[PDB]
Amino acid sequence: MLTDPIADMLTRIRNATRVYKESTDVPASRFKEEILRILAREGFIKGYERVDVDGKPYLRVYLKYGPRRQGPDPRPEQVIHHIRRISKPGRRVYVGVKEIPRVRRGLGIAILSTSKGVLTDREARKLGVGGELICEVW
Amino acid sequence: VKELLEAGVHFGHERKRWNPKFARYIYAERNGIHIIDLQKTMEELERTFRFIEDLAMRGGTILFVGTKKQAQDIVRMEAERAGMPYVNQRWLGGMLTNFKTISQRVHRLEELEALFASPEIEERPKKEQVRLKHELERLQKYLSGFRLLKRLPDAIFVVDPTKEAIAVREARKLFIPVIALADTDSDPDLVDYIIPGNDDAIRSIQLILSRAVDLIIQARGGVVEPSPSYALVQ
Amino acid sequence: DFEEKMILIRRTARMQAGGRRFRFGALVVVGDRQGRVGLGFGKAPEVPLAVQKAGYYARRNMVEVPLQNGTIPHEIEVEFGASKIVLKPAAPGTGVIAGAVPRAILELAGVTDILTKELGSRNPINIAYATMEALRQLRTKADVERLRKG
Amino acid sequence: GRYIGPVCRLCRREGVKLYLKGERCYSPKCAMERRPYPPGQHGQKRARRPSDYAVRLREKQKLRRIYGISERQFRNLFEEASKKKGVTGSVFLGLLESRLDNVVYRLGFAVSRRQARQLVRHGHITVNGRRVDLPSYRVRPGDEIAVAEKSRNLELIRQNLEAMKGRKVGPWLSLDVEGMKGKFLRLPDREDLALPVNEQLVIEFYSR
RNA sequence: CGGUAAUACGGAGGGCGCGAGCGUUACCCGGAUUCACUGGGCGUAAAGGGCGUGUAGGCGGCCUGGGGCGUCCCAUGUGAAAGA
RNA sequence: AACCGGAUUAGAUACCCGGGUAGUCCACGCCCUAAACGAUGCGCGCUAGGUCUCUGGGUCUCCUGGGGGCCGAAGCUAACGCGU
Ligand SMILES: [Mg+2]
Ligand SMILES: [Mg+2]
Ligand SMILES: [Mg+2]
Ligand SMILES: [Mg+2]
Ligand SMILES: [Mg+2]
Ligand SMILES: [Mg+2]
Ligand SMILES: [Mg+2]
Ligand SMILES: [Mg+2]
Ligand SMILES: [Mg+2]
Ligand SMILES: [Mg+2]
Ligand SMILES: [Mg+2]
Ligand SMILES: [Mg+2]
Ligand SMILES: [Mg+2]
Ligand SMILES: [Mg+2]
Ligand SMILES: [Mg+2]
Ligand SMILES: [Mg+2]
Ligand SMILES: [Mg+2]
Ligand SMILES: [Mg+2]
Ligand SMILES: [Mg+2]
Ligand SMILES: [Mg+2]
Ligand SMILES: [Mg+2]
Ligand SMILES: [Mg+2]
Ligand SMILES: [Mg+2]
Ligand SMILES: [Mg+2]
Ligand SMILES: [Mg+2]
Ligand SMILES: [Mg+2]
Ligand SMILES: [Mg+2]
Ligand SMILES: [Mg+2]
Ligand SMILES: [Mg+2]
Ligand SMILES: [Mg+2]
Ligand SMILES: [Mg+2]
Ligand SMILES: [Mg+2]
Ligand SMILES: [Mg+2]
Ligand SMILES: [Mg+2]
Ligand SMILES: [Mg+2]
Ligand SMILES: [Mg+2]
Ligand SMILES: [Mg+2]
Ligand SMILES: [Mg+2]
Ligand SMILES: [Mg+2]
Ligand SMILES: [Mg+2]
Ligand SMILES: [Mg+2]
Ligand SMILES: [Mg+2]
Ligand SMILES: [Mg+2]
Ligand SMILES: [Mg+2]
Ligand SMILES: [Mg+2]
Ligand SMILES: [Mg+2]
Ligand SMILES: [Mg+2]
Ligand SMILES: [Zn+2]
């Protein structure tokens, strides 16, 4: 069985971008969907859309990358330089609203899951709530 | 300055030694050979020749580099048809990064030529006469096209970025843009402006380079007759 | 225009019949204190020539450092081999709190306030290399904005 | 008990003129005139490229010796600046500048730091009407630093003030020359000090 | 370091560092990301159990609904004085 | 193996040669070690290819599963190397 679907999705994306794949499919789950909504909304991916692979529902994540570069290693700079699962099973991480970090001195995001929905660290701070620290993206 | 029906020559190459990164330019596998997508080629050809005309009518130098036994004489003639320097016999380690040092060898070439046009050739002993004889011979073997490079080229044209990758490494490193004729065995990521097609098969190389030089001279307004290289087809 | 400061010089003897025969290694930083640094490592049979080569290589291989008020846009770690370098921005009135090696590099970058830790292997060469790559990876709010614009 | 001994030798060991001698650090006898090399037998020898530690050490000494202070009070003042709000670098300087002996020197009451220290020690200094004999007394802004009228008739005070006529004073200070008054208007800024000292190097000497 | 030129021993001249103190021993934390929660590892450096089956425990795919135990928020009482 | 001889050798408590008991084999019961090695725990998911091979299936230049090999993308590693 898949042990942690979210780490699996984070990683599907990580690997996918490391070889500069146009898209990548991840098994559909509402919570995953709500994550991809934050990635999209924050400009980390081009977007996502629901799809059916051999009858089973998935999410096509369309990733984005920077400009093709100069002399050797023309490979573009990454948009998602770093994706890390934080609160995994068997070691859970919940933060109060004053425990919510500042990711990359501002330039990254910390996806929280709050009782008021899946927020970024900014969204969840200005909403005045904390919750489970899902992952760093930056 | 274009072509459409050139599907009559250049369809595909390289049965199954492909670079997977070339997959974006492949049409299908017909009779166990990779056939290159025809329309894709002309797309990359527009984007490549645009850069060519721009760089040409600006006045830039282009290094034409090809060592394939298929492309030797073609590179020679088409590079002479333009005012561009070429590399024909062997691409030497450092021709770009050691360009100073390699340039010193062209100074020796010119020096021995000018001492061979002077009456002093027989002023020196018979044995040194044979020695310097050999020096001029091989110098004029390797640097016959590299001769006229005064500074580092503003562009590079290669006919197999796989076999000539030692050059592309140096053009990359010094940030010189790289134009390439690359078939299915090549890594397209390293080529800045690519023309996908057979690196082998003289028939198509003569077309591609002839048209390219034509566009070159058309940028500067020196309109030229058909290329003398068509008689190298047979 | 260009200020250079030297990191280390070493003896690096090599063996041969009859005895040893040594090269000389020189690590040199070159910076303008304006956000441009460069690192070069030369080898030569005499100390000075090796230092020369190191400076010449330092002017190649240059790095544009995005200073924000004499400090850094964001904190980064970088692993070079077994050497990890940790850079963290510092409010003014802090100084360069760094090892000998990254102190030299950061100073010639123009960084006047930064917090630093060397970790893992503390090798000077890898610690330098790791500092440089760390600086190559800095990104401005402008740069991130223009990366996620689309 | 502060450093007491030959001073124009530290002028040399620092490499910069130290005006602790007061006058004669101006007349070409300072021994920084025609003897800029440090003291000792090996002074005229070629000095080795100092260590990174050596640099911050000589900078801290260069400042410490300038104000004429033990290491103890020096470091306690520094840690005070490290705790206080604001730039540690300039806060420290404002604090050293706030020493009553240093103010006395700075107000031109004394030729030198040391002389200012003795003048304070012997109670010749008034602060807001009160005698204060501690060279370490922290002057606040708005404090009137006067001369005890007991000593106003003394020839050393009239001697120095005589040369203070028309001499200009620091932008954070002001003095009345006849009534031998003076006032600490505000703390000096970095730019208010000409101190040939890099503060960052000192801060960086205490990070270790 | 010292087995004949010792900046390492002993003295002297000189210099550096602190200064009514200055060094030494002991002990505690630090450097030590060297017990690694933050923050380490196990092919050859120390480290994969000789192999399996399986008990306890750990961990758990997609949808919906109840609850609200963990989780998060608000108010409130408490958190003595000193110390900070 | 041990042991009895013959040689070799400075010696020969050995390598070499002639013998030879346990044991090596069977039954049943003990013993529980090992360079018991991939010096690499198990399960799942993701990440270029090319080539040799064992064995299924297919509309059988080939496509598609499951094993066993060799090169090698991205990446990892101190390096050697690892690399569906
Ligand atoms: Mg050659
Ligand atoms: Mg080919
Ligand atoms: Mg012919
Ligand atoms: Mg790494
Ligand atoms: Mg490591
Ligand atoms: Mg270590
Ligand atoms: Mg930048
Ligand atoms: Mg402060
Ligand atoms: Mg003022
Ligand atoms: Mg500290
Ligand atoms: Mg003697
Ligand atoms: Mg002696
Ligand atoms: Mg000796
Ligand atoms: Mg001695
Ligand atoms: Mg000693
Ligand atoms: Mg001695
Ligand atoms: Mg002495
Ligand atoms: Mg005391
Ligand atoms: Mg004591
Ligand atoms: Mg300890
Ligand atoms: Mg610890
Ligand atoms: Mg230990
Ligand atoms: Mg220990
Ligand atoms: Mg360890
Ligand atoms: Mg071993
Ligand atoms: Mg081991
Ligand atoms: Mg095992
Ligand atoms: Mg073991
Ligand atoms: Mg669940
Ligand atoms: Mg359960
Ligand atoms: Mg529910
Ligand atoms: Mg509850
Ligand atoms: Mg409370
Ligand atoms: Mg209290
Ligand atoms: Mg025997
Ligand atoms: Mg015998
Ligand atoms: Mg023997
Ligand atoms: Mg075995
Ligand atoms: Mg493991
Ligand atoms: Mg099982
Ligand atoms: Mg295989
Ligand atoms: Mg079959
Ligand atoms: Mg098996
Ligand atoms: Mg297989
Ligand atoms: Mg690699
Ligand atoms: Mg391998
Ligand atoms: Mg797979
Ligand atoms: Zn003086």
# chains A, B, ... in the order shown; residues from 1 in each chain; ligands from 1
$ residues_near_ligand --ligand "ligand 31" --cutoff "10 Å" --atoms "only C-alpha atoms (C1' of nucleotides) and all ligand atoms" --output "VMD selection string"
chain E and resid 64 to 68
$ residues_around --residues "residue 51 of chain B" --least-positions-apart "5" --cutoff "12 Å" --atoms "only C-alpha atoms (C1' of nucleotides)" --output "list in words"
residues 44, 45, 46, 56, 57, 58, 60, 62, 154, 155, 156, 177, 178, 179, 192, 193, 194, 212, 215, 216 and 219 of chain B
$ residues_near_ligand --ligand "ligand 38" --cutoff "12 Å" --atoms "only C-alpha atoms (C1' of nucleotides) and all ligand atoms" --output "JSON, numbers by chain"
{"E": [50, 51], "F": [34, 35, 36, 37, 38, 39]}
$ interface_residues --of "chain C" --to "chain E" --cutoff "10 Å" --atoms "only C-alpha atoms (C1' of nucleotides)" --output "MDAnalysis selection string"
chainID C and resid 118:120
$ write_last_selection --atoms "N, CA, C and O atoms" --output "CSV table (one decimal), in the first residue's frame"
chain,number,residue,atom,x,y,z
C,118,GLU,N,30.1,26.5,9.6
C,118,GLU,CA,30.7,25.4,8.9
C,118,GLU,C,30.3,24.1,9.6
C,118,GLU,O,30.2,24.0,10.8
C,119,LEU,N,30.0,23.1,8.7
C,119,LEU,CA,29.5,21.8,9.2
C,119,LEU,C,30.1,20.6,8.4
C,119,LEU,O,30.5,20.8,7.3
C,120,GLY,N,30.1,19.5,9.1
C,120,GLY,CA,30.6,18.3,8.4
C,120,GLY,C,32.1,18.3,8.3
C,120,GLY,O,32.8,18.3,9.3
$ residues_near_ligand --ligand "ligand 10" --cutoff "12 Å" --atoms "only C-alpha atoms (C1' of nucleotides) and all ligand atoms" --output "number ranges by chain"
C: 94-98, 115-117; D: 79, 82, 203-208; E: 30-31
$ interface_residues --of "chain B" --to "chain F" --cutoff "12 Å" --atoms "only C-alpha atoms (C1' of nucleotides)" --output "number ranges by chain"
B: 16-23, 29-33, 185, 187
$ write_last_selection --atoms "N, CA, C and O atoms" --output "PDB file, in the first residue's frame"
ATOM      1  N   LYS B  16      18.346   2.638 -34.305  1.00  0.00           N
ATOM      2  CA  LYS B  16      17.924   2.654 -32.900  1.00  0.00           C
ATOM      3  C   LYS B  16      19.100   2.915 -31.956  1.00  0.00           C
ATOM      4  O   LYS B  16      19.320   2.194 -30.977  1.00  0.00           O
ATOM      5  N   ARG B  17      19.917   3.913 -32.274  1.00  0.00           N
ATOM      6  CA  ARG B  17      20.920   4.414 -31.344  1.00  0.00           C
ATOM      7  C   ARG B  17      20.494   5.717 -30.694  1.00  0.00           C
ATOM      8  O   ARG B  17      21.340   6.442 -30.158  1.00  0.00           O
ATOM      9  N   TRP B  18      19.196   6.010 -30.720  1.00  0.00           N
ATOM     10  CA  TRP B  18      18.683   7.341 -30.435  1.00  0.00           C
ATOM     11  C   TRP B  18      19.117   7.849 -29.069  1.00  0.00           C
ATOM     12  O   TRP B  18      19.316   7.083 -28.120  1.00  0.00           O
ATOM     13  N   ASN B  19      19.284   9.155 -28.999  1.00  0.00           N
ATOM     14  CA  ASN B  19      19.191   9.884 -27.747  1.00  0.00           C
ATOM     15  C   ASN B  19      17.716  10.107 -27.428  1.00  0.00           C
ATOM     16  O   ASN B  19      16.980  10.620 -28.275  1.00  0.00           O
ATOM     17  N   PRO B  20      17.243   9.702 -26.249  1.00  0.00           N
ATOM     18  CA  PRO B  20      15.827   9.927 -25.906  1.00  0.00           C
ATOM     19  C   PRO B  20      15.402  11.388 -25.938  1.00  0.00           C
ATOM     20  O   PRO B  20      14.225  11.669 -26.201  1.00  0.00           O
ATOM     21  N   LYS B  21      16.319  12.325 -25.652  1.00  0.00           N
ATOM     22  CA  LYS B  21      16.007  13.752 -25.714  1.00  0.00           C
ATOM     23  C   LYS B  21      15.652  14.195 -27.125  1.00  0.00           C
ATOM     24  O   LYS B  21      14.981  15.214 -27.302  1.00  0.00           O
ATOM     25  N   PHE B  22      16.087  13.458 -28.129  1.00  0.00           N
ATOM     26  CA  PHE B  22      15.703  13.739 -29.498  1.00  0.00           C
ATOM     27  C   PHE B  22      14.271  13.337 -29.787  1.00  0.00           C
ATOM     28  O   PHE B  22      13.762  13.637 -30.872  1.00  0.00           O
ATOM     29  N   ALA B  23      13.612  12.684 -28.833  1.00  0.00           N
ATOM     30  CA  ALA B  23      12.275  12.158 -29.065  1.00  0.00           C
ATOM     31  C   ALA B  23      11.316  13.235 -29.557  1.00  0.00           C
ATOM     32  O   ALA B  23      10.405  12.942 -30.336  1.00  0.00           O
ATOM     33  N   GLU B  29       8.921   5.258 -36.203  1.00  0.00           N
ATOM     34  CA  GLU B  29       9.966   4.267 -36.465  1.00  0.00           C
ATOM     35  C   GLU B  29       9.503   3.404 -37.637  1.00  0.00           C
ATOM     36  O   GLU B  29       8.727   2.463 -37.454  1.00  0.00           O
ATOM     37  N   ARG B  30       9.997   3.714 -38.836  1.00  0.00           N
ATOM     38  CA  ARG B  30       9.554   3.082 -40.077  1.00  0.00           C
ATOM     39  C   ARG B  30      10.634   2.119 -40.554  1.00  0.00           C
ATOM     40  O   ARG B  30      11.769   2.537 -40.805  1.00  0.00           O
ATOM     41  N   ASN B  31      10.275   0.836 -40.687  1.00  0.00           N
ATOM     42  CA  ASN B  31      11.212  -0.229 -41.071  1.00  0.00           C
ATOM     43  C   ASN B  31      12.391  -0.312 -40.103  1.00  0.00           C
ATOM     44  O   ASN B  31      13.524  -0.596 -40.499  1.00  0.00           O
ATOM     45  N   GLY B  32      12.119  -0.069 -38.825  1.00  0.00           N
ATOM     46  CA  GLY B  32      13.156  -0.103 -37.811  1.00  0.00           C
ATOM     47  C   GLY B  32      14.181   1.002 -37.931  1.00  0.00           C
ATOM     48  O   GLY B  32      15.378   0.756 -37.733  1.00  0.00           O
ATOM     49  N   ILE B  33      13.748   2.215 -38.272  1.00  0.00           N
ATOM     50  CA  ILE B  33      14.624   3.385 -38.342  1.00  0.00           C
ATOM     51  C   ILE B  33      13.822   4.596 -37.879  1.00  0.00           C
ATOM     52  O   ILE B  33      12.614   4.682 -38.124  1.00  0.00           O
ATOM     53  N   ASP B 185      20.817  10.665 -32.898  1.00  0.00           N
ATOM     54  CA  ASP B 185      21.780  10.248 -31.883  1.00  0.00           C
ATOM     55  C   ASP B 185      22.279  11.398 -31.005  1.00  0.00           C
ATOM     56  O   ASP B 185      23.113  11.168 -30.123  1.00  0.00           O
ATOM     57  N   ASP B 187      22.139  14.943 -28.456  1.00  0.00           N
ATOM     58  CA  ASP B 187      21.460  15.566 -27.328  1.00  0.00           C
ATOM     59  C   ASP B 187      21.050  16.966 -27.747  1.00  0.00           C
ATOM     60  O   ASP B 187      21.916  17.849 -27.842  1.00  0.00           O
TER      61      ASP B 187
END
$ select_by_dssp --residues "segment 74-215 of chain B" --states "strand (DSSP E)" --output "list in words"
residues 86, 87, 155, 156, 157, 158, 178, 179, 180, 181, 182, 193, 194, 195 and 196 of chain B
$ residues_around --residues "segment 14-28 of chain E" --least-positions-apart "3" --cutoff "9 Å" --atoms "only C-alpha atoms (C1' of nucleotides)" --output "MDAnalysis selection string"
chainID D and resid 1:3 39:42 70:71
$ residues_near_ligand --ligand "ligand 33" --cutoff "9 Å" --atoms "only C-alpha atoms (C1' of nucleotides) and all ligand atoms" --output "ChimeraX atom specification"
/E:76-79
$ closest_residue --among "B:137, B:53, B:120, B:189" --to "chain A" --atoms "only C-alpha atoms"
B:189
$ residues_near_ligand --ligand "ligand 1" --cutoff "9 Å" --atoms "only C-alpha atoms (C1' of nucleotides) and all ligand atoms" --output "ChimeraX atom specification"
/B:89-93,142
$ interface_residues --of "chain A" --to "chain B" --cutoff "7 Å" --atoms "only C-alpha atoms" --output "mmCIF file with N, CA, C and O atoms, in the first residue's frame"
data_model
loop_
_atom_site.group_PDB
_atom_site.id
_atom_site.type_symbol
_atom_site.label_atom_id
_atom_site.label_comp_id
_atom_site.auth_asym_id
_atom_site.auth_seq_id
_atom_site.Cartn_x
_atom_site.Cartn_y
_atom_site.Cartn_z
ATOM 1 N N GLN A 70 22.589 29.875 -20.166
ATOM 2 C CA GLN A 70 23.822 30.119 -20.909
ATOM 3 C C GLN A 70 24.743 28.908 -20.873
ATOM 4 O O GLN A 70 24.271 27.780 -20.710
ATOM 5 N N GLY A 71 26.042 29.127 -21.079
ATOM 6 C CA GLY A 71 27.007 28.066 -21.264
ATOM 7 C C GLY A 71 26.906 26.976 -20.217
ATOM 8 O O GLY A 71 26.241 27.142 -19.199
ATOM 9 N N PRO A 72 27.702 25.921 -20.384
ATOM 10 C CA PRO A 72 27.278 24.524 -20.151
ATOM 11 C C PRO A 72 26.321 24.309 -18.998
ATOM 12 O O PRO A 72 26.368 25.008 -17.979
ATOM 13 N N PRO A 74 22.765 24.199 -19.972
ATOM 14 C CA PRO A 74 21.684 25.125 -20.322
ATOM 15 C C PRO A 74 20.408 24.874 -19.553
ATOM 16 O O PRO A 74 19.486 25.688 -19.660
#
$ residues_near_ligand --ligand "ligand 7" --cutoff "10 Å" --atoms "only C-alpha atoms (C1' of nucleotides) and all ligand atoms" --output "PyMOL selection string"
chain C and resi 63-67+73+135-144
$ residues_around --residues "residue 29 of chain C" --least-positions-apart "4" --cutoff "8 Å" --atoms "only C-alpha atoms (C1' of nucleotides)" --output "PyMOL selection string"
chain C and resi 4-7+37-40+55+58+104-105+108
$ residues_around --residues "residue 112 of chain D" --least-positions-apart "4" --cutoff "9 Å" --atoms "only C-alpha atoms (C1' of nucleotides)" --output "mmCIF file with N, CA and C atoms, in the first residue's frame"
data_model
loop_
_atom_site.group_PDB
_atom_site.id
_atom_site.type_symbol
_atom_site.label_atom_id
_atom_site.label_comp_id
_atom_site.auth_asym_id
_atom_site.auth_seq_id
_atom_site.Cartn_x
_atom_site.Cartn_y
_atom_site.Cartn_z
ATOM 1 N N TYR D 19 46.790 60.574 20.471
ATOM 2 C CA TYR D 19 46.960 61.872 21.095
ATOM 3 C C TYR D 19 46.894 61.817 22.608
ATOM 4 N N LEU D 20 47.054 60.629 23.197
ATOM 5 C CA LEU D 20 47.008 60.503 24.651
ATOM 6 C C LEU D 20 48.047 61.374 25.333
ATOM 7 N N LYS D 21 49.163 61.643 24.657
ATOM 8 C CA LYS D 21 50.144 62.567 25.195
ATOM 9 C C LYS D 21 49.648 64.007 25.195
ATOM 10 N N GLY D 22 48.496 64.282 24.587
ATOM 11 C CA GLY D 22 48.001 65.649 24.521
ATOM 12 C C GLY D 22 48.824 66.452 23.539
ATOM 13 N N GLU D 23 49.383 67.575 23.997
ATOM 14 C CA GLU D 23 50.340 68.315 23.189
ATOM 15 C C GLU D 23 51.596 67.472 22.970
ATOM 16 N N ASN D 102 36.546 61.582 29.437
ATOM 17 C CA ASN D 102 36.584 61.833 27.999
ATOM 18 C C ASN D 102 35.859 63.124 27.630
ATOM 19 N N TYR D 105 38.196 66.049 28.546
ATOM 20 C CA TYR D 105 39.159 66.225 27.470
ATOM 21 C C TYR D 105 38.486 66.861 26.261
ATOM 22 N N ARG D 106 37.336 66.309 25.864
ATOM 23 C CA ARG D 106 36.637 66.739 24.659
ATOM 24 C C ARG D 106 36.186 68.191 24.750
ATOM 25 N N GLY D 108 37.901 70.447 25.937
ATOM 26 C CA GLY D 108 39.091 71.268 25.989
ATOM 27 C C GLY D 108 39.479 71.733 27.370
ATOM 28 N N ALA D 116 42.692 64.861 31.783
ATOM 29 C CA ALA D 116 41.276 64.949 32.115
ATOM 30 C C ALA D 116 40.922 64.008 33.253
ATOM 31 N N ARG D 117 41.524 62.816 33.252
ATOM 32 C CA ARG D 117 41.289 61.829 34.298
ATOM 33 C C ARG D 117 41.752 62.343 35.653
#
$ closest_residue --among "C:103, C:59, C:11, C:148" --to "chain D" --atoms "only C-alpha atoms"
C:103
$ residues_near_ligand --ligand "ligand 47" --cutoff "9 Å" --atoms "only C-alpha atoms (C1' of nucleotides) and all ligand atoms" --output "list in words"
residues 45, 46, 47 and 84 of chain F
$ residues_around --residues "residue 41 of chain C" --least-positions-apart "3" --cutoff "12 Å" --atoms "only C-alpha atoms (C1' of nucleotides)" --output "short mmCIF file (atom, residue, chain, number, x, y, z; two decimals) with C-alpha atoms, in the first residue's frame"
data_model
loop_
_atom_site.label_atom_id
_atom_site.label_comp_id
_atom_site.auth_asym_id
_atom_site.auth_seq_id
_atom_site.Cartn_x
_atom_site.Cartn_y
_atom_site.Cartn_z
CA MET C 6 44.48 34.93 0.05
CA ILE C 7 42.95 31.87 1.71
CA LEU C 8 45.76 29.29 1.98
CA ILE C 9 48.98 28.05 0.42
CA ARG C 10 50.11 24.44 0.71
CA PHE C 24 52.33 24.81 -4.60
CA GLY C 25 48.60 25.32 -4.10
CA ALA C 26 47.11 28.78 -3.64
CA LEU C 27 43.49 29.72 -2.89
CA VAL C 28 42.62 33.32 -3.67
CA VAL C 29 39.44 35.41 -3.48
CA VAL C 30 38.89 38.52 -5.59
CA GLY C 38 35.37 35.34 -7.61
CA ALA C 44 52.73 26.12 -9.68
CA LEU C 49 53.44 32.02 -9.67
CA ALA C 50 50.82 29.79 -8.02
CA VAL C 51 49.30 32.85 -6.34
CA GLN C 52 49.20 34.65 -9.70
CA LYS C 53 47.34 31.75 -11.30
CA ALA C 54 44.90 31.78 -8.40
CA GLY C 55 44.09 35.47 -8.90
CA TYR C 56 43.70 35.07 -12.65
CA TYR C 57 41.32 32.16 -12.11
CA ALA C 58 39.45 34.20 -9.48
CA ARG C 59 38.68 36.90 -12.03
CA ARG C 60 37.23 34.20 -14.21
CA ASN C 61 34.46 32.32 -12.41
CA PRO C 124 39.17 24.91 3.40
CA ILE C 125 38.85 24.10 -0.28
CA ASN C 126 35.46 22.50 0.02
CA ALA C 128 35.24 27.86 -0.08
CA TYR C 129 33.63 25.99 -2.98
#
$ residues_near_ligand --ligand "ligand 9" --cutoff "6 Å" --atoms "only C-alpha atoms (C1' of nucleotides) and all ligand atoms" --output "PyMOL selection string"
chain D and resi 171-172+186-188
$ write_last_selection --atoms "N, CA and C atoms" --output "PDB file, in the first residue's frame"
ATOM      1  N   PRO D 171      30.172  68.976  17.526  1.00  0.00           N
ATOM      2  CA  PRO D 171      28.764  69.326  17.277  1.00  0.00           C
ATOM      3  C   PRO D 171      27.791  68.794  18.316  1.00  0.00           C
ATOM      4  N   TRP D 172      28.194  67.848  19.159  1.00  0.00           N
ATOM      5  CA  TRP D 172      27.357  67.397  20.262  1.00  0.00           C
ATOM      6  C   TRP D 172      27.751  68.043  21.584  1.00  0.00           C
ATOM      7  N   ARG D 186      24.037  66.030  23.200  1.00  0.00           N
ATOM      8  CA  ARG D 186      23.483  64.808  22.633  1.00  0.00           C
ATOM      9  C   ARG D 186      24.632  63.835  22.422  1.00  0.00           C
ATOM     10  N   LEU D 187      24.281  62.560  22.157  1.00  0.00           N
ATOM     11  CA  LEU D 187      25.304  61.549  21.902  1.00  0.00           C
ATOM     12  C   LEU D 187      25.908  61.753  20.517  1.00  0.00           C
ATOM     13  N   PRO D 188      27.205  61.516  20.363  1.00  0.00           N
ATOM     14  CA  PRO D 188      27.831  61.689  19.055  1.00  0.00           C
ATOM     15  C   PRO D 188      27.466  60.551  18.126  1.00  0.00           C
TER      16      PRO D 188
END
